[PDB]
Amino acid sequence: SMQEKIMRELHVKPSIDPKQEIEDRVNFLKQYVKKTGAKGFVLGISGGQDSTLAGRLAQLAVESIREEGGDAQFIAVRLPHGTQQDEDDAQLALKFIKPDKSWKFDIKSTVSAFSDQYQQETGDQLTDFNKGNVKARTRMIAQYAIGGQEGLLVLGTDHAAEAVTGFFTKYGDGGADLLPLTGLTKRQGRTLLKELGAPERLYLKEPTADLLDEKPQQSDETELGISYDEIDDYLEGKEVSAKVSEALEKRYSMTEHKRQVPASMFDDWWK
Amino acid sequence: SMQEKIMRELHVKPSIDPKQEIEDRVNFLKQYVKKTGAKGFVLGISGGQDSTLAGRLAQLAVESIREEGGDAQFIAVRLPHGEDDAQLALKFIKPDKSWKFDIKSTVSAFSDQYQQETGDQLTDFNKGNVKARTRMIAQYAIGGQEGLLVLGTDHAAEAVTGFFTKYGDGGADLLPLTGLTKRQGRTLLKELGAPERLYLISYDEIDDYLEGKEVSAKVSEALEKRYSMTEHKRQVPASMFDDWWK
Ligand SMILES: Nc1ncnc2c1ncn2[C@@H]1O[C@H](COP(=O)(O)O)[C@@H](O)[C@H]1O
Ligand SMILES: [Mg+2]
């Protein structure tokens with residue numbers, strides 16, 4: 001079956017123990033660091049549910065390493081494109097995470113430099129969707145530049161509820177070193193935030209990528225055509241309406257190149 | 001044997017048929033674009049050997065598809081930062097379209113903002129990586145605007161060492177040179193009739209290891225170390241459900 005198969009591949013647990021999941025995830029971040037010899041982590045904090053959970057997990061890990069006589073730090077970075085409409089959720093989040101360091105890097109001038117040149121080199125202006133993708137990738141560079149100057153690993157916020165729909169930018173938010181949220185559905189993540197004592201505004205707000213100037217704060221559910229509950233029921237093995245299955249299974253097949261390394265002639269996955 | 005395992009994983013053959021290799025690799029390219037429904041390819045051209053080989057292969061795949069009655073195009077892009085060999089290679093490849101996107105001002109803007117936000121100047125190594133990652137963005141911006149796939153030049157000799165920037169030049173959609181050693185790439189270039197100037201530890205030493213030739217333990221130990229250290233570059237981001245990083 002396709003439902004059962006996507007669950008295996010995305011590493012989804014139909015039932016989880018929040019306390020235990022948190023345990024395993026922080027422990028993973030710890031083991032990863034110790035094996036590599038890195039000095040810590042860096043993550044762009046947007047004020048959305050995903051980076052809030054992932055940031056708090058990195059902070060708890062870093063604190064645990066030091067408690068053990070270890071050396072490690074966490075830099076949380078606000079990556080606004082000028083003024084962020086939901087800037088206040090970003091601050092309410094910094095306040096819950098309590099990162100070792102809070103930096104800021106405005107990506108606007110880099111994105112402008114790029115589009116000006118684009119129009120100068122080609123004669124055509126970048127569509128809003130393409131500039132949106134230039135924004136996510138610029139955030140990736142910002143993150144990798146810091147990690148590269150300070151010796152830290154870049155954290156990814158990828159999880160199952162977006163892994164299934166391939167709802168991320170290849171080499172933008174999809175590019176990172178390690179992923180502490182892998183295999184968690186959207187309703188399960190909220191449940192870890194609840195355990196962690198997160199402020200409700202942070203998990204009650206609508207998920208959005210906010211990469212468009214033409215239509216900012218546009219929710220994911222507007223883009224996708226399904227709601228996260230339907231996606232979650234499916235990831236969790238619940239029997240769902242044929243209309244949800246057909247839909248998810250097609251979007252999942254057409255986004256496999258985002259969950260794989262560059263395609264070679266020796267790879268079957270694409271054949 | 002780590003040598004055999006590495007060879008298996010990097011898909012290297014001890015001996016190749018340059019003519020059959022060209023056909024299989026072009027066929028790979030045609031078939032891939034037909035499966036995805038994309039309109040063609042986009043490759044940043046550097047004058048270097050690897051982008052020259054991949055470019056000619058891209059051009060040949062595009063023409064073949066057009067001869068079968070379909071539609072495809074190849075955009076070769078030079079990406080300077082603010083060229084005689086890039087131009088010589090452009091005459092050998094003969095792409096449909098030759099573009100150019102100077103990365104200088106984007107890299108500069110990022111640099112000044114960085115210094116401005118952090119108080120630090122980006123060191124040489126880190127700024128070189130910003131240049132590789134910015135080239136990636138330019139190629140995907142063109143491909144996304146034109147509905148074209150980004151070709152990468154990663155080959156076996158570049159993969160054992162992990163000598164490339166993760167998401168920089170490593171960021172591509174497909175890789176036509178996979179499994180080829182540097183000297184095998186050279187053979188292909190001569191076969192295609194490329195000018196000597198383009199395909200002309202020890203790089204020939206890395207090839208011996210990859211093609212299964214008896215090498216010294218010195219070369220052997222260095223490479224196997226390098227390879228296990230660069231695994232993160234040939235893998236999708238890590239999670240607790242993976243173990244290659246352990
Ligand atoms: N405005 C932003 N400021 C800081 N980080 C961000 C911002 N927008 C996107 N990111 C990063 O990209 C990820 C994607 O968020 P989302 O697109 O809502 O999944 C976040 O979890 C952040 O790590
Ligand atoms: Mg968001």
Side-chain angles (χ1 to χ4, degrees), chain A residues 41-59 74-94 96-97 99 101-108 110-111 129 131-147 152-182 184-186 189-190 192-193 198 201-213 215-224 228 231 258, chain B residues 113 117 167 237:
Chain A
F41 309 106
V42 48
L43 177 57
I45 299 295
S46 64
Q49 174 180 312
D50 301 339
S51 52
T52 301
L53 167 56
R56 188 60 184 141
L57 290 173
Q59 184 54 220
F74 179 40
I75 295 171
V77 207
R78 287 288 304 97
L79 306 154
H81 178 84
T83 306
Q84 177 164 323
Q85 193 192 285
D86 57 330
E87 190 60 71
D88 302 81
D89 293 336
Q91 292 294 310
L92 202 203
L94 279 175
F96 160 71
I97 297 175
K101 310 194 181 182
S102 322
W103 291 11
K104 184 196 76 212
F105 185 99
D106 190 340
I107 66 162
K108 195 175 186 79
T110 301
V111 183
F129 173 64
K131 176 161 175 164
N133 286 338
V134 168
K135 296 182 185 177
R137 298 182 165 115
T138 297
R139 296 202 167 88
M140 177 276 301
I141 284 164
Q143 270 168 281
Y144 270 87
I146 292 179
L152 314 168
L153 290 165
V154 188
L155 283 169
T157 65
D158 189 65
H159 59 104
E162 39 177 61
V164 213
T165 59
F167 199 61
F168 57 90
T169 308
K170 206 182 205 185
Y171 308 146
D173 39 340
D177 295 318
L178 19 41
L179 307 165
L181 310 187
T182 290
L184 281 175
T185 61
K186 203 64 175 181
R190 185 172 317 130
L192 258 62
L193 272 187
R201 199 198 301 167
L202 297 163
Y203 59 75
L204 291 202
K205 62 184 294 178
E206 291 277 328
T208 178
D210 198 18
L211 302 175
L212 306 168
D213 287 299
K215 290 164 298 177
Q217 308 292 142
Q218 178 182 278
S219 73
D220 310 335
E221 289 182 12
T222 298
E223 192 87 30
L224 298 162
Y228 273 111
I231 297 167
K258 290 191 190 193
Chain B
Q113 181 75 209
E117 303 279 28
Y167 306 138

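One-based numbering, in listed order, for ligands and for the atoms of each. To find a chain, count down the sequence lines: A is the first, B the second, and so on, and within it residues start at 1.
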Full working for side-chain contact (heavy atoms from CB on, under 4.5 Å) between A:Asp158 and A:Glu162: CA-CA 7 Å; A:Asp158 189 65; A:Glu162 39 177 61; 3.9 Å; yes
Verdict with reasoning, A:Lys135 to A:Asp210, per side-chain contact (heavy atoms from CB on, under 4.5 Å): CA-CA 10 Å; A:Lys135 296 182 185 177; A:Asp210 198 18; over 6 Å; no
Residue from A:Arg78, A:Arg201, A:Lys205 passing salt bridge (charged side-chain N to carboxylate O under 4.0 Å, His left out) with A:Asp86: A:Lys205
Quick check on contacts: which atoms of ligand 1 are under 4.0 angstrom from a heavy atom of [X]?
| X | value |
| --- | --- |
| A:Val77 | 4 (C) |
| A:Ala209 | 17 (O) |
| A:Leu43 | 23 (O) |
| A:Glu162 | 19 (O) |

Quick one: look up the protein heavy atom nearest [atom] and list residue, atom name and how far away it is.
| atom | answer |
| --- | --- |
| atom 16 (P) of ligand 1 | A:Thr208 O, 4.1 Å |
| atom 2 (C) of ligand 1 | A:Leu79 O, 3.4 Å |
| atom 15 (O) of ligand 1 | A:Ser46 OG, 4.4 Å |
| atom 5 (N) of ligand 1 | A:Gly44 C, 3.3 Å |
| atom 12 (O) of ligand 1 | A:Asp173 CB, 4.0 Å |
| atom 1 (N) of ligand 1 | A:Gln84 OE1, 2.7 Å |
| atom 13 (C) of ligand 1 | A:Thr157 OG1, 4.0 Å |

Donor on one side chain, acceptor on other, A:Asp177 and A:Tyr144, under 3.5 Å: yes
A:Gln49 near the Mg ion (ligand 2) via N/O/S, less than 2.8 Å: no
Residue that, paired with A:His159, satisfies side chain to side chain donor-acceptor pair (under 3.5 Å) out of A:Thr185, A:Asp50, A:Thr182: A:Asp50
Donor-acceptor pair, side chain of [X] and main chain of [Y], under 3.5 angstrom:
| X | Y | result |
| --- | --- | --- |
| A:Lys258 | A:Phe168 | yes |
| A:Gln49 | A:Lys186 | yes |
| A:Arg137 | A:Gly172 | no |
| B:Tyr167 | A:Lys170 | no |

Close N or O approach (A:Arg78, ligand 1; < 3.5 Å): yes
Side chain, backbone, both or neither: A:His81 near ligand 1, heavy atoms under 4.0 Å: neither
